[PDB]
Structure formats: structure tokens, C-alpha cells
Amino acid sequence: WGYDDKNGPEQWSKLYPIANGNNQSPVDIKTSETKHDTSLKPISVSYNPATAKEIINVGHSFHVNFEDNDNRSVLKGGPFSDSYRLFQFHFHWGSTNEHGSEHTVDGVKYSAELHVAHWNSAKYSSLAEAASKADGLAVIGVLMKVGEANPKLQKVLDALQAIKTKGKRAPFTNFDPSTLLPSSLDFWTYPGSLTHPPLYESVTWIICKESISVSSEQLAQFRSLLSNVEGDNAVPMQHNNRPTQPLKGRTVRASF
């Protein structure tokens, strides 16, 4: 699977029939159809920078992984009763500034999207166990709006020159990804899925209403990563965003 014409999102259903499921992500959030929910607690993140571990080129994207052996780095509150343990963050982007987010709001496409992913350590013993369970994953989505350079991205962008090609990985330490989140953690929540294969319907989404900034030149650093292995023809990672999927009668709830 990938994002090219032949192996891309429009084709994922052939190998992953859940692609056409009832809880697929991302979605367009229509703000006139959201239900303000009075029971939603504020989101609480508490991350320890010593849990940052490694940055990895996974061919279609790059991942920043965290040590997840204990509750040093956790998400609580919002719609959750359970503590969720941080394990990774990553981005999605598009081939130009005009699109690149996965979620949209009232049909508006942003330039990129940050995913901060967690797994339910109250109910499950591992990411591998949690990843296929309806209540297994909690993911914060942040819409990234092209504008002023974002200095909070600096450690992440500076690291990419060490993982330029598929499979390269490097240590990535002493980093608290709560620094990437917007000042307001006002949010939308809905039940959905992973946004690429295996597309499990295991994610409770927390979509921030406030965007964060990113420059044109910072988005170019993402698109200059290479999907090929070292020594092959260079193939830039131009895009990795999935189109929005049908709500199929899900309710998007608003904290605000």
C-alpha cells in the first residue's frame, strides 16, 4: 500500500476491506452538525521528555517513537475514563500548500496535520494488543495552517537530514511533544480509525479547534524526505494524506 495512483487510498479497500467501514477516518467536521457535550472534561497531557526514543523513515512518512513501558507520558480527560500512554507522533502533508491535512473543518483543507498517538494502558498490556480494540487508541489531531515558521518544529526538522531514506533511524531524545500543541486544547471528538492500513477502527479522535503554524519552507523539508532506500533513484515523499471519509451517522462532539 502507499499514496501513489496504483497503491493509494482509492485502492486500499481491495486489500483492507475495512477501508469502506462505518468508523473510517479522517472526516470533514461540519461545525453546524456538532453536538456540544457538557460531560467532556478538559484534555490533560503530561509527557516526560526522557521518553523520546527514535525518529524513523518509514518510506511513506517519518515517525517519532517514545518509550511506552510505563505511565511517564500520558493523556487523560476529554471523553476518556482510562489513562492513555504516548507512543508516537507524526505528520501528514500534501504535494502543495493547498491541501495536506487529513481532517477538514467546514470543507477547509489545511497544509498538514500532526497526529499524537496513545494506547489504552488501563485496559491493555501493549500497543500491539490495543491497536485493534475499539477503545484501544487515542489520537490528538492538530491542523497545521501555512504561515509563519513554527520554531517548536525545529528539533524535528533538524533531525530529518539523518533519516533521509527509507529505513534509516536515529536516536531522538529529550523532547516533550506537548510543546507542539496549540495554546487552547478546545476540541472535537468522534470515534474513528487509523488513517492508513491497517485502518483499524480503534481510534478516539481529539481534533484541536485551534491550528498551529508551519511555513512553506518547513513543509518543503517534509516533502524532501525520500521514500526510496539509499542508493536507489531519489523519490520524494510528496504527500501522505488520506481523503475524508463518510460519517455514516457518527456524531462529532464539541468540548466548547
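Residue positions are given as counts along the sequence shown, with the first one as 1.
Relative to one another, 130-138 and 85-93 have unequal mean CA B-factors, and 130-138 is the one with the higher figure.
Stretch comparison (47-55 versus 32-40) by mean CA B-factor in the PDB entry places 32-40 on top. You'll see in the entry that, of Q161, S101, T165, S184, the Cα B factor peaks at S184. Looking at the C-alpha B-factors along this chain, the one for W119 belongs to the lowest third. Sorting the modelled residues of the chain by their CA temperature factor places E210 in the lowest third.
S111 sits in the lowest third of its chain by CA B factor, as recorded in the PDB entry.
When the CA B factors of the chain's modelled residues are split into thirds, the value for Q24 lands in the middle one. In the PDB entry, a CA B factor belonging to the middle third of its chain's modelled residues is recorded for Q245.
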